[PDB]
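Trainee: Note that the protein sequences, when read in sequence, are chains A, B, C, D, E, F, G, H and I. So in the deposited numbering, spot 121 of the first sequence is number 121, and the numbers just go up one at a time. So in the deposited numbering, spot 49 of the second sequence is number 49, and the numbers just go up one at a time. Residues 26 to 97, 137 to 492, numbered by the deposited numbering, are exactly what the third sequence covers, in order. For the deposited numbering, count along the fourth sequence from 1 and bump the result up by 369. For the deposited numbering, count along the fifth sequence from 1 and bump the result up by 185. For the deposited numbering, count along the sixth sequence from 1 and bump the result up by 185. For the deposited numbering, count along the seventh sequence from 1 and bump the result up by 1. For the deposited numbering, count along the eighth sequence from 1 and bump the result up by 1. So in the deposited numbering, spot 9 of the ninth sequence is number 9, and the numbers just go up one at a time. A single structure is presented below for examination.
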Amino acid sequence: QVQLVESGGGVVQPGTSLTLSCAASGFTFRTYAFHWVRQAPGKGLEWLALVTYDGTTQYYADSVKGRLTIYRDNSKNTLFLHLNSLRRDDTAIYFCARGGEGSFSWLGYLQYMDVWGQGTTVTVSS
Amino acid sequence: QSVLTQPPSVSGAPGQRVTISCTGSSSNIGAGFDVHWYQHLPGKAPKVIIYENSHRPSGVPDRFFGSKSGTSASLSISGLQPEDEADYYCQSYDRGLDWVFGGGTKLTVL
Amino acid sequence: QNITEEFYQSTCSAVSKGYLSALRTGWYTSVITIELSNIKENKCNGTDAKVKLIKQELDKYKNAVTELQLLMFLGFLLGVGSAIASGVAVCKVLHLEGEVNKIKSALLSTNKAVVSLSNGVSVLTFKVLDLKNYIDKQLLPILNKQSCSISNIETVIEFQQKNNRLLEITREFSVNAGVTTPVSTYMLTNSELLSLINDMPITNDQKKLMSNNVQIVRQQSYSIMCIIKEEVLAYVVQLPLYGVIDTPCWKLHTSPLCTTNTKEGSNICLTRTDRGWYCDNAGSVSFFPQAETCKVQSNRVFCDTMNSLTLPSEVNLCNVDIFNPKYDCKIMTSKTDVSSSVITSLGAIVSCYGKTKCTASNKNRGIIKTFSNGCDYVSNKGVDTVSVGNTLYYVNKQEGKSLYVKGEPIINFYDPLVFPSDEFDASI
Amino acid sequence: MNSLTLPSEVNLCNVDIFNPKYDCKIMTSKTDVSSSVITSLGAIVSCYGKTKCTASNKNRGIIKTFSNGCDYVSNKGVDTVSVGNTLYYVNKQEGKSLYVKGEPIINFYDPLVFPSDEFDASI
Amino acid sequence: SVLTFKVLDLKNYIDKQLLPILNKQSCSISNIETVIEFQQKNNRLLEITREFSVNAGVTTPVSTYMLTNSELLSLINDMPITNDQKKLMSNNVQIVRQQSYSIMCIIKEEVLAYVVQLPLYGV
Amino acid sequence: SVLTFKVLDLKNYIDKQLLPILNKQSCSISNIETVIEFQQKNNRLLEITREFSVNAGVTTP
Amino acid sequence: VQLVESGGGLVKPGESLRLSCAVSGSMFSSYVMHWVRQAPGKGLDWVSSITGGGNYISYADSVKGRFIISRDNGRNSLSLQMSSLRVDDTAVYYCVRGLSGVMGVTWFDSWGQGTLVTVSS
Amino acid sequence: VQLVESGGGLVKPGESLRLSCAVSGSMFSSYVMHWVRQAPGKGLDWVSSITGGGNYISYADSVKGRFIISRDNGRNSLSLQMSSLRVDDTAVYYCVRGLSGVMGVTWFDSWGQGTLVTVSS
Amino acid sequence: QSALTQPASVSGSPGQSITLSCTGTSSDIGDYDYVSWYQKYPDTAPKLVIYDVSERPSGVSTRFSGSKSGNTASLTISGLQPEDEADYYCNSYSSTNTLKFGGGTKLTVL
């Protein structure tokens with residue numbers, strides 16, 4: 001059984017740094033790797049970030065670097081992001097996804113979108 | 001001035017168990033160095049209560065019990081006795097100030 | 026500095042008075058890791074000339090990583145201890161699952177750190193190279209393009225600079241099979257060894273001593289190879305600690321002492337079977353019989369205490385006065401008469417007997433001394449060479465003050481022939 | 370190439386030292402040396418006379434103190450052994466230990482009739 | 186009738202990728218990329234020459250420059266032994282590398298070769 | 186009065202083929218062929234350094 | 002194993018003077034020597050260390066070359082010189098014979114009697 | 002140096018059963034063990050080999066994990082399990098105590114009596 | 001944010017062939033053999049339809065066909081369906097260690 005379900009999100013004040021969590025079940029987790037992406041209403045998909053097995057070489061997009069930190073736990077195998085200094089523009093649905101096959105830390109092997117989540121909706125307003 | 005901190009206001013009646021804790025920075029003790037508890041009763045020379053937190057010296061009672069954890073050393077005494085009035089110390093080999101000593105604790109009976 | 030000696034003529038022996046011990050007493054373990062990423066197939070078209078060396082070099086790197094994957137006179141009374149003990153213990157701690165992941169995660173950006181393990185051991189961590197960044201930014205974005213072709217050859221020669229070190233590690237551990245004596249500079253660069261000197265929990269005078277003798281600690285250090293799993297390849301240096309520093313430690317040279325009986329073979333004789341080093345460590349002395357274990361460097365000896373004896377502090381009493389009712393004063397004895405000579409730090413003890421030429425000679429005046437019979441001594445600062453029989457020796461010309469005391473033929477105090485002649489280890 | 374093709378009767382002497390089947394070669398000397406050796410699964414201490422004899426580990430400090438005679442410690446109870454002025458580390462590699470009760474064999478003979486002038490001998 | 190093996194092919198590289206280029210009229214190389222791979226095909230032989238001037242014909246143990254480890258595994262799959270010995274020697278390539286010796290044979294008619302005395306394992 | 190001998194001539198190479206080039210204003214080498222022969226004139230010295238670093242001053246053989 | 006030392010008194014700051022240390026141990030050749038001081042009021046702190054042959058000297062930050070220490074092992078004695086002085090340096094000074102640790106560390110075993118040195122006014 | 006083994010009989014194919022081997026050797030700890038079989042008609046061929054501590058097992062191509070061999074060295078005995086079975090596997094099975102050759106080749110010295118195992122019908 | 005230029009929407013009846021494309025730079029979908037196309041239905045998770053320039057994953061029809069030409073990735077269809085009304089993106093490893101995405105092309109039928 002291959003699935004990706006989400007945790008966290010909702011309506012957020014400007015600022016008030018957000019912690020978002022993945023969740024997955026029915027397969028191995030440490031062997032592959034998880035990574036984070038979004039898509040916002042009014043536009044398409046935009047890449048955010050990637051990790052490998054354990055916490056090593058945290059890839060960040062140029063538009064996401066600094067505000068977002070990303071880290072994986074080996075205890076119950078759920079990727080955690082923490083994004084800071086929330087602006088008006090971050091209202092989007094954020095998707096976990098998995099990629100990579102072997103013991104690799106290279107982005108070329110980390111580009112297969114083998115499974116997607118349902119995404120958390122994050123909305124900022126007043 | 002001492003990097004080692006221990007409360008110099010600990011005292012009690014004879015009979016119970018009193019635990020003393022001395023803590024330091026990361027560059028000492030927690031950087032793989034040992035702590036050595038002394039005593040400073042007035043009059044004769046100050047001598048070691050316990051060293052490197054497990055070896056007690058030759059002639060001591062078993063009331064003293066040393067332990068270490070991270071940057072913090074503990075010394076517990078069960079059954080306080082009247083001549084325990086002393087200034088108790090802690091030392092290490094911090095990579096900055098070479099041989100350091102703590103503030104000390106004045107133990108006395110009531 | 027202040028090297029001095031006292032050749033006793035009572036029993037033919039030299040004591041090297043005045044030295045500082047600087048003895049190891051324990052090991053300090055440290056883990057050294059090189060991070061590295063798994064490379065798949067080349068994904069390239071053709072052979073070309075620019076992008077060719079990448080293929081053989083990455084194949085060499087693959088061969089190295091898969092190869093290391095496939096990788097994982138009182139000596140008779142001298143005690144034996146497993147010197148490769150703490151390092152293999154730390155490797156065994158690393159064999160437990162999820163343990164080297166703590167090193168992987170905790171040493172993410174900091175170059176050196178200290179982590180706790182699952183056995184309460186919290187020694188040290190250190191990363192030596194960063195093939196993560198180089199491999200995944202300066203090699204794989206270029207070699208793995210569509211119809212790959214390098215920009216310039218300057219890219220791959222620095223890849224030599226980032227791969228010959230790993231290949232040196234591979235070829236060091238392939239030859240000596242996990243245990244290496246001593247540690248090569250490829251397993252630890254010398255400036256980084258100094259950094260490690262500024263890291264381990266020792267007092268600062270030990271730091272100064274080890275800094276001034278980096279070659280010594282490099283010579284006595286060992287290396288054991290730990291695991292490769294989750295591609296965080298690491299090993300342990302078992303570099304020596306130094307417990308006791310700066311105590312007098314003397315070298316007892318010994319020589320035959322044989323009576324000059326003209327009748328050959330009937331001249332029973334004896335030596336002090338005490339050749340070696342005696343350092344005054346704590347309330348006793350550490351005795352090292354095997355002279356090859358101990359190293360010397362400019363008034364500073366360095367000798368590992370694993371092969372020593374915790375001999376009692378009453379040893380100078382026998383060293384000065386051989387006939388004392390306090391020490392056993394061990395004796396080598398045999399009727400065999402051998403012309404021979406030994407060299408101390410500040411001179412030479414000649415013990416030629418019978419029909420044998422005996423000369424001390426220097427290049428300035430030619431021959432300078434002729435020894436008739438009995439063991440004799442020459443100061444080093446009067447002579448360059450000593451010839452006994454048909455062989456030569458050169459004395460140490462290192463500067464020091466000598467004093468030659470008057471002794472006596474001790475073996476002539478006894479009867480000429482009642483002695484036994486059939487023991488290596490004995491005593492008075 | 371550097372071995373001996375010794376007869377198959379060697380475990381008999383290995384268990385029972387006093388057997389009328391093997392020579393059971395002996396080193397002998399009156400010299401009293403405090404010393405210790407390390408096996409795969411522990412440490413044999415043989416300190417004699419006035420000498421500190423301790424088996425200690427970094428967990429809780431010292432764990433055993435030896436009075437006299439040769440004694441033994443299992444590897445999975447201790448990290449280091451101190452004899453006199455020197456320390457050794459035991460192999461922490463996992464294995465099962467069994468310590469059998471023996472006896473002071475040399476006290477079965479007279480205290481002083483033994484020779485003391487041979488490196489190679491036998492019982 | 187023990188064995189034969191060829192480790193390198195300097196015939197082809199020397200007479201096709203070096204000598205047609207270096208021996209032209211007013212010689213000049215096409216690119217420096219030609220010479221660095223010549224470093225790959227000459228550093229091995231230089232490692233040979235540098236490790237036998239030291240040990241004077243006989244070397245203990247065998248260095249990886251005399252035999253790459255994959256090729257040692259190939260030789261493991263070559264000599265007439267039983268396959269369980271092959272598996273053991275495959276698992277202890279480092280040990281058999283430690284035990285193995287190497288003696289220097291002739292160089293005449295420029296077909297330079299040398300003998301390895303890698304250990305067998307009977308029992 | 187035993188003997189003297191000079192094995193290498195890094196005076197000329199360093200002060201004529203390296204420092205006139207590396208120490209220019211906004212330095213840039215002419216070609217990589219300059220530095221690889223510098224590998225020929227520095228690998229030997231590095232080998233000497235790593236021989237004496239391992240055996241600690243005295244080497245056999 | 003005992004230890005007697007002298008050199009105390011009331012001397013003005015700014016001048017050099019001897020501090021003796023006269024341990025009567027038989028095997029005082031190897032053990033490490035330290036000098037510490039206990040101030041009136043404020044507790045005790047380390048001052049000076051000397052190691053055997055005296056080739057690895059170290060001092061606390063209060064005295065950088067101000068207190069110079071030297072032992073004559075042949076006379077089995079030790080001496081500290083007040084090259085530079087300060088009015089806060091009044092304290093009871095203690096020789097102390099430390100034993101090397103399992104690693105290397107000084108335990109500061111049985112001390113001296115302690116000599117009071119006053120530099121006030 | 003002799004060898005006695007049991008376990009023969011007529012059993013249907015496709016079931017696991019036991020073949021015991023009960024050598025009475027005095028120093029049965031070092032020598033290599035083999036099990037071979039002689040078919041009715043067609044000659045004898047090798048089946049299984051086991052080496053001392055039992056860490057270098059090998060089988061002929063007729064059985065890939067079908068015949069699993071073990072030895073208990075303390076009880077100086079061998080056990081062979083017929084995990085998978087075939088009707089052609091009827092044969093007289095022989096334990097053989099083989100001795101290592103110069104390279105290690107087994108000489109297959111003195112054998113057992115041989116136990117007939119039939120799997121027809 | 002830097003992305004890939006794509007058509008906003010394409011008009012095509014069922015049964016015809018669309019050739020929806022994106023164009024980047026050399027440090028983009030150009031080269032690297034990492035061209036990927038992805039389609040997504042509204043309020044559904046996106047799914048892999050084209051990876052590794054022309055390789056097709058499991059659980060998808062072969063009527064999709066991805067390719068590239070220089071710096072231009074293309075995805076072609078045959079025999080259009082009403083269920084093909086979706087948005088499309090081209091994702092590829094850009095060599096400044098990132099995974100650049102597409103602008104979204106809406107395939108619809110009338």
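Virtual Cβ for every residue (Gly too), placed ideally from N, Cα, C.
Just curious, the alpha helix (DSSP H) that residue 169(E) is in, first and last residue?
Mentor: In the structure as shown, chain E starts at 186 and stops at 308, and residue 169(E) therefore has no counterpart that could be examined.
Trainee: Do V154(C) and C290(C) come within 9 Å of each other at the CB atom, strictly closer than that value?
Mentor: Result yes, Cβ atoms of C290(C) and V154(C) sit closer than 9 Å.
Trainee: If we define contact as Cβ-Cβ less than 9 Å, is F104(A) a contact residue for chain C?
Mentor: Chain C contact via Cβ: present.
Trainee: Pick out the complete alpha helix (DSSP H) segments inside the region 394-429 of chain D, 4 residues or longer, and give them in chain order.
Mentor: Segments of the alpha helix (DSSP H) lying fully in the region 394-429 of chain D: there are none.
Trainee: With 16 other CB atoms within 10 Å as the buried threshold, where does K100(I) fall?
Mentor: With 16 or more Cβ atoms within 10 Å of its Cβ, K100(I) is classed as buried.
Trainee: Taking 9 Å as the CB-CB cut-off, is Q302(E) touching chain H?
Mentor: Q302(E) does not count as touching chain H.
Trainee: Where does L273(E) sit, in a helix, a strand or coil, going by DSSP?
Mentor: Helix, per DSSP.
Trainee: So that I know if they touch, is there some Cβ in chain C lying closer than 9 Å to that of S78(G)?
Mentor: Taking Cβ atoms only, chain C never reaches closer than 9 Å to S78(G), which makes this a no.
Trainee: Quick check on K465(C): buried or exposed, where buried means 16 or more other Cβ atoms within 10 Å of its Cβ?
Mentor: That one is exposed.
Trainee: Just grab the DSSP bridge partners of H82(A) for me.
Mentor: DSSP output for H82(A) lists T19(A) and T69(A) as bridge partner(s).
Trainee: In chain order, what residues of the same chain have a beta carbon less than 6 Å from the beta carbon of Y71(A), not counting five sequence neighbours either side?
Mentor: So the list reads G55 and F80, once near-sequence residues are dropped.
Trainee: Could you compute how far the alpha carbon of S78(G) sits from the alpha carbon of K390(C)?
Mentor: If you take the alpha carbons of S78(G) and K390(C), they lie about 28 Å apart.
Trainee: What residues in its chain sit with their C-beta under 6 Å from that of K106(I), if we drop five residues either side in the sequence?
Mentor: Same-chain partners within the cutoff: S9 and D87.
Trainee: Name the chain I residues whose beta carbon is nearer than 7 Å to that of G108(A)?
Mentor: By Cβ distance, chain I contributes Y34 and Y93.
Trainee: Which class does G59(B) belong to by DSSP, given the choice of helix, strand or coil?
Mentor: Looking at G59(B) - three-state DSSP - the assignment turns out to be coil, as it is neither helix nor strand.
Trainee: Output the distance between the C-alpha atoms of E163(C) and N175(C), rounded to the nearest integer angstrom.
Mentor: The straight-line gap from Cα to Cα measures roughly 19 Å.
Trainee: If you draw a straight line from the alpha carbon of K226(E) to that of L78(C), how long is it in whole angstroms?
Mentor: Answer to the nearest angstrom: the Cα atoms are 12 Å apart.
Trainee: Judging by CA-CA distance, which residue of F477(C), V414(C) and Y286(C) is the nearest neighbour of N240(C)?
Mentor: Among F477(C), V414(C) and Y286(C), the Cα nearest to that of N240(C) belongs to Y286(C).
Trainee: Answer yes or no: does any C-beta atom of chain G fall closer than 9 Å to that of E85(B)?
Mentor: By this cut-off, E85(B) is not an interface position.
Trainee: Starting from the beta carbon of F488(D), find every residue of chain C whose beta carbon is closer than 9 Å, and list them in chain order.
Mentor: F140, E487, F488 and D489, listed in chain order.
Trainee: Straight-line CA distance for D263(C) to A149(C)?
Mentor: Near 22 Å, if we compare the C-alpha coordinates of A149(C) and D263(C).
Trainee: Scan the region 7-21 of chain B for residues whose Cβ lies nearer than 8 Å to a Cβ of chain D and list them as they occur along the chain.
Mentor: Under the 8 Å Cβ criterion, the region 7-21 of chain B contributes no residue.
Trainee: How long is the line joining the alpha carbons of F101(B) and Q91(B), rounded to whole angstroms?
Mentor: If I take the Cα positions, the gap works out to 5 Å.
Trainee: Looking only at its own chain, which residues have a Cβ that is under 7 Å from the Cβ of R229(E), when we skip the five neighbours before and after it?
Mentor: Same-chain partners within the cutoff: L193 and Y250.
Trainee: Under 8 Å Cβ to Cβ from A61(H), same chain only, skipping five residues before and after it: list those, please.
Mentor: Correct list, in chain order: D46, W47, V48 and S49.
Trainee: Do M34(G) and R98(G) count as a contact pair if the criterion is CB distance below 9 Å?
Mentor: Contact flag set, yes.
Trainee: Going along chain E in order, which residues have a C-beta closer than 7 Å to the C-beta of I217(F)?
Mentor: Ordered by position in chain E, the residues that pass the 7 Å Cβ test against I217(F) are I217.
Trainee: Have a look at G44(A) and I93(A) and give me their C-alpha separation to the nearest angstrom.
Mentor: Between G44(A) and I93(A), the C-alpha separation is close to 11 Å.
Trainee: Have a look at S75(A), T52(A) and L48(A) and flag the residue whose alpha-carbon is nearest the alpha-carbon of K65(A).
Mentor: It is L48(A).
Trainee: Do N97(I) and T25(I) have their CB atoms nearer than 9 Å?
Mentor: Going by C-beta atoms, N97(I) is not nearer than 9 Å to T25(I).
Trainee: Please check if any C-beta of chain C sits within less than 9 Å of the C-beta of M396(D).
Mentor: For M396(D), the answer is yes, since a Cβ of chain C falls inside 9 Å of its Cβ.
Trainee: Comparing alpha-carbon positions, which option in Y441(C), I57(C), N383(C) and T337(C) lies nearest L141(C)?
Mentor: Cα-wise, what sits closest to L141(C) is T337(C).
Trainee: Buried or exposed for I431(C), please, with buried defined as at least 16 other CB atoms from any protein chain shown within 10 angstroms of its CB.
Mentor: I431(C) comes out exposed.
Trainee: Quick one: grab the DSSP three-state call for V115(A).
Mentor: If DSSP states are grouped into helix, strand and coil, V115(A) belongs with the strands.
Trainee: Could you please give me the residues that DSSP links to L81(G) through a beta bridge?
Mentor: Its beta-bridge partners are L20(G) and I70(G).
Trainee: Residues of chain C with CB closer than 7 Å to the CB of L373(D), please, in chain order.
Mentor: Residues of chain C passing the Cβ test: none, with the nearest at roughly 19 Å.
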